[PDB]
C-alpha cells in the first residue's frame, strides 16, 4: 500500500529529478500531498502551467483564505499575500515599478563596483571562498539597500530575517512574526527619516506626504519596503547562487562567456530557464470549477504550478537540459512567472545576475568547485533551493 505522492520532490537545486519528466509525460496534472497534509493539483507541463498562470480564476490572494488547503503556513500577514494588488489599489504601481528598474543612474556601476570589491576580498583571503555567503548574497543585499535608498549598513540585519521569513513550513513560525514586526518598525522609521530621499523608500516617503496619497495607510508603505527587500534579496541571491553552480558545472560555457562577454545576457536567460531556485510550485486557489487537461479542478482546490515542469518541457524547449544560447524562444520560460503576478523585479534580477557573472568570470576565470558537488548541503523546508555554502577555488 502506497501513500499519495508528496511534494516537494527534492531540495537539491543542482539537478532536476528524473521523476519530473515521467510525471509530465504520464500525468501533467495530478494529485499530490503537501507538507501540511493538504491535497493539491501539481501541474508540470508548459501548456498547463501557462494556462493556470494566465487564468485569474486561479487566485493568489485566495490562497490566504482561512480554511483553504495550504502548501505551507503563512509567514506574513494574510493581507500581504495580496501585496501587489494592494500596491495597485493605492495608485503606487507605476512608482514602485519605476524605482526597481536597473536603469536608475549609477545603479549598474554600483553593482559592478560592489561585485568587484567582494571578489577582491575573496582573492585576498585565498581559496576556498564561499560564493553564496561571501558573494551572491552580499551582492543581492547591497543591491537592494541601494534600490530601496536605505543605508548599506542596515542590510545584514534585514537579511538575517530571510532564513526564517522564506521558510516553507507545515506550521506557523513564531520567529517569523518577531522579525516581521521588527522589520516593519524599521521601514516605518525609514519613512519618517529625512535623510532617506533616494530609491524606493525615498519615493514612497515623498508620495506619503502628497495629497493624492493621504489616505494610503502607513502600514502599506512600510510593507512595500519589507516585502520588496525580502522577495528581491532572496530571489536574486538564490538565483545567482544556483546559476553559478550551473556555470561551474559547464567549463566550456564558462570559457565561452569569459571569452565573449556579450553573450552573457543570452547565457543568463538560459540559466534562468533551467534554474531550480523555486523549491515549491507556485500556489493558486481555484475560485471556480475549471478544466485543466484531463482534470476538472473544483472551486476551493489548491493548484501548484511547477516552474521546472514548464521550463524543462521538451515540447517547448527541445533538449531542455542543455544551455543553448540560440533558442528561438529564449525569454518564453516561466522563471519570473506569467500573467497577473509576473515578477516586477525581472529586469533587476537579470542585471544582478549578468553583472555578478561578468565580474566573477573576469576576476576568477578558473573558478571551480572546491568540493565534490554531492557535498553541497541543500536547505530544506524553504521556499528556495540553495546550498548552505558554495565552496570554490580558482
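Residue numbers count along the first chain shown, from 1.
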| item | value |
| --- | --- |
| Greater mean Cα temperature factor according to the PDB record, 340 to 348 or 23 to 31 | 23 to 31 |
| Segment of higher mean CA temperature factor, 197 to 205 or 91 to 99 | 91 to 99 |
| Selection from 140, 167, 147, 263 [criterion: highest C-alpha temperature factor in the record] | 263 |
| Options 283, 172, 230, 126 - largest CA temperature factor per the record | 126 |
| Chain thirds of CA B-factor: placement of residue 301 | lowest |
| CA B-factor ranking of residue 134, expressed as a third of its chain | middle |
| Third of the chain, ranked by Cα B-factor, where residue 15 sits | highest |
| Third of the chain's Cα B-factor distribution that residue 278 belongs to, per the entry | lowest |
| Third of the chain, ranked by Cα B-factor, where residue 241 sits | lowest |
